[PDB]
Amino acid sequence: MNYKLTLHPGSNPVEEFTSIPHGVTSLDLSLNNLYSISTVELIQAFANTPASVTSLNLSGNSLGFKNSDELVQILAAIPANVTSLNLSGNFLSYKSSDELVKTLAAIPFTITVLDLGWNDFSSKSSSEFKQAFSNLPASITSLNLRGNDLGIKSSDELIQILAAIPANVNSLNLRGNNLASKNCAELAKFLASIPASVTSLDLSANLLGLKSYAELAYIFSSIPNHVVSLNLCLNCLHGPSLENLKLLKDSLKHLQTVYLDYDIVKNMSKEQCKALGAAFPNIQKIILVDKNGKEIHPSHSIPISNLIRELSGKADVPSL
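Everything in the sequence shown is counted per PDB author numbering, starting at 1 for the first residue and increasing by one.
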């Protein structure tokens with residue numbers, strides 16, 4: 001269960017943490033002006049965290065402007081039970097390369113899922129990215145780089161940044177990076193360089209719907225063989241005409257899992273569904289997602305269950 005712990009300027013962290021009920025699995029400390037909290041108290045508060053907590057949200061705390069040595073201490077002091085850490089929206093890019101290296105190296109090896117979204121990382125060169133990320137604990141298999149305006153980077157720099165992704169990362173979130181700002185050829189080359197290690201890729205909310213379908217077809221086909229799970233939601237796909245969809249034929253044939261906007265498939269005809277499904281002929285799991293980014297369970301909606309069958313190209317007795 002989730003639990004938001006609101007901290008005020010005068011709050012004592014140690015006292016506030018005692019009120020966290022046992023059973024809490026996800027602890028939200030976001031938007032708490034943590035950059036100005038007493039480091040000693042927060043370190044102590046961390047020691048009295050319920051063992052059930054496996055997820056920690058430190059987002060929106062201006063931590064980029066917290067004394068660097070103290071930031072290192074706070075990260076090192078994160079309870080061992082915590083496996084997922086959200087450091088998004090913290091102005092981390094204001095930290096120099098040398099401070100940033102120590103900061104990231106301070107993240108406990110116990111962390112396997114890391115959110116570095118919304119940290120102005122577009123301000124870093126690929127050399128600085130490489131230096132920064134080379135010090136991440138090798139325990140990290142899931143890395144979130146959402147909202148870092150990566151789409152503003154020249155294609156050459158973007159390709160080197162992909163080179164900087166730790167070899168242990170198998171799940172990469174590139175959501176909301178204005179990636180469709182780049183022209184088709186550039187974007188196709190970028191995607192072709194997705195590291196061999198990455199088998200899950202999130203490209204949601206990247207304005208991909210602004211591209212022509214012939215462009216998208218080329219873009220999708222450039223996604224390497226090894227990425228078998230792809231999130232394409234919130235990409236504003238327009239006029240999914242039957243001929244448009246036809247162009248995407250086979251372009252995502254390596255996919256095993258795909259995430260799609262329910263609002264998009266919801267209005268498609270059988271033929272349209274079959275045509276979209278033809279982009280990923282080897283699909284294994286389709287996941288439709290509502291407006292708020294919530295996965296929609298097949299086995300409690302008839303329409304949803306019909307959509308999937310029709311997008312999977314599965315057949316029932318009548319149809320045959």
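Note that beta-carbon positions come from the ideal geometry of N, C-alpha and C, so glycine has one too.
Taking the straight line between their C-alpha atoms, what separation do you get for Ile286 and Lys211?
23 Å
Are there 16 or more other CB atoms within 10 angstroms of the CB of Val40, so buried, or fewer, so exposed?
exposed
Could you say if the region 188-195 and the region 245-263 meet the contact criterion of at least three C-beta pairs nearer than 8 Å?
no
Thinking just about the alpha-carbon of each residue, which of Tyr262, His254, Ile296 is nearest to the one in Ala279?
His254
Rounded to a whole number of angstroms, what is the C-alpha to C-alpha distance between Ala164 and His297?
36 Å
Would you check if the distance between the CB atom of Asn173 and the CB atom of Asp202 is smaller than 7 Å?
yes
CA-to-CA distance, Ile43 to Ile219, given in whole angstroms:
47 Å
Does the beta-carbon distance from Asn57 to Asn86 come in below 7 Å?
yes
With DSSP as the reference, please indicate the residues paired to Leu260 in a beta bridge.
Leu288
Just tell me which of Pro281, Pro240, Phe91, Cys236 has its CA closest to the CA of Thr257.
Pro281
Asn57 (DSSP reduced to helix, strand or coil)
strand
What number of angstroms, rounded off, separates the C-alpha of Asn168 from the C-alpha of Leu162?
13 Å
Simplified DSSP state of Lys211, which is helix, strand or coil
coil
Cβ-Cβ separation, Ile107 to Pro137 (assumed contact under 8 Å), whole Å:
6 Å
Determine the burial state of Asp316: buried for a count of at least 16 other Cβ atoms within 10 Å of its Cβ, exposed for fewer.
exposed
Would you list the one or two residues that DSSP bridges to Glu295?
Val289
Ignoring anything shorter than 3 residues or poking outside the region 96-153, list the beta strand (DSSP E) runs there in chain order.
113-115, 142-144
Hey, out of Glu70, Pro240, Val101, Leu27, whose CA is closest to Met1's CA?
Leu27
Reduced DSSP secondary structure (H/G/I, E/B, other) of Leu234
coil
Pop quiz: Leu237 and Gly277 are said to be a contact at Cβ under 8 Å. What is the actual Cβ separation, rounded to whole angstroms?
At roughly 14 Å, the Cβ-Cβ gap does not stay under 8 Å, so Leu237 and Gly277 are not in contact.
Would you check if the region 110-119 and the region 140-158 touch, i.e. whether three or more CB-CB distances between them fall below 8 Å?
yes
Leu174 (DSSP reduced to helix, strand or coil)
coil
Measure from the alpha carbon of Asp156 to the alpha carbon of each residue in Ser127, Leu245, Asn225, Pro166, then state which is nearest.
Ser127
What separation, rounded to the nearest whole angstrom, lies between the Cα atoms of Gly10 and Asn33?
11 Å
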